[PDB]
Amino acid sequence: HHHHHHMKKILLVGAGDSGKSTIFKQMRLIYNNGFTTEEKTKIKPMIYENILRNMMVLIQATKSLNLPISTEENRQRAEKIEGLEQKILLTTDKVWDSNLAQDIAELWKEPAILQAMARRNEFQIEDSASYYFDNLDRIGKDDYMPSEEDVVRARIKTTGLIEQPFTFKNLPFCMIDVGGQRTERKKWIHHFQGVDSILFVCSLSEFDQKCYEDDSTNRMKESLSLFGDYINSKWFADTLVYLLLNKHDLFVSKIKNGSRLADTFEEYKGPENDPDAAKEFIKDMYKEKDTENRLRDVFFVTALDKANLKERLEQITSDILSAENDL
């Protein structure tokens, strides 16, 4: 008769800018489940709105920093972009055209904008902002269709259930990213919602960022607090929990470029411009929150590096399998 064989489901858990959605999208690519023409068509205006919002944030940042724009032409261009961004949630019109793409590319050369961008950790700017700005020659074309990498880098909030099944060492698995309202059980693979493992994803690179524009709370301090609450309160039943410290390579660049961990965490006494000492301190802070040692393991990862993510996920799935027969 109709029947199933147990699939080991791995649930992605994390904040909205943890990069957990990057992990899921990379898994889609690893398992030949890439983005269709319809998907790319639908995501295209969202990429436009991402780019417009990032430039708006930079314009506002020059005002906060008291940095005058170099020319009246770029000042009027900035005012135009401000007006269009402020209209985005209040219209159904297509705001993006070739004129706007050219205006944003010109503003990306403005010294006041670039000074704000050098201080981007202080502002609410997407990680992918410079990527999109630097590729505006391609993205601003009338014939533009988002690339694979464009989609991976676009932070789109999950509002339903998505699953990526796969086979590893001849056994079935799937990775889950789920949000929004309750998704009916019939939509799940095997119409089954049980979770064998949790990947708790935290950003390593957020140590020098604020939670919101109008709040002083540090993102990493908040994530440590939330992780502490989660790992000590959940009944995990039979579920294995892994901590993934993501955006590792971005963290490394921040440390190498002079953003000091000690400016956020005064207890960090390690060397300056030393990413390995700094990331070990962060890993230790997370493990300290895990009072009863409920974590199975802790991994550093850069989800945007598909080869690195593959390697770390293979380590995780191998370890899940090794624990299956634990007595």
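In case it trips you up, residue 1 is the first one in the sequence shown, and so on.
Between the stretches 40-48 and 62-70, it is 62-70 that shows the larger average CA temperature factor. For the pair 315-323 and 17-25, the record assigns the higher mean C-alpha temperature factor to 315-323.
Of the residues listed, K247, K254, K109, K186, the entry assigns the biggest Cα temperature factor to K186. In the deposited coordinates, the residue among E82, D127, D134, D229 with the greatest CA B-factor is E82.
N33: CA B factor lies in the lowest third for its chain, per the PDB record. When the CA B factors of the chain's modelled residues are split into thirds, the value for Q164 lands in the lowest one.
When the modelled residues of the chain are ordered by C-alpha B-factor, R153 sits in the middle third. Per-chain ranking of the deposited C-alpha B factor places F300 in the lowest third. Compared with the other modelled residues of the chain, the Cα B-factor recorded for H190 ranks in the highest third.
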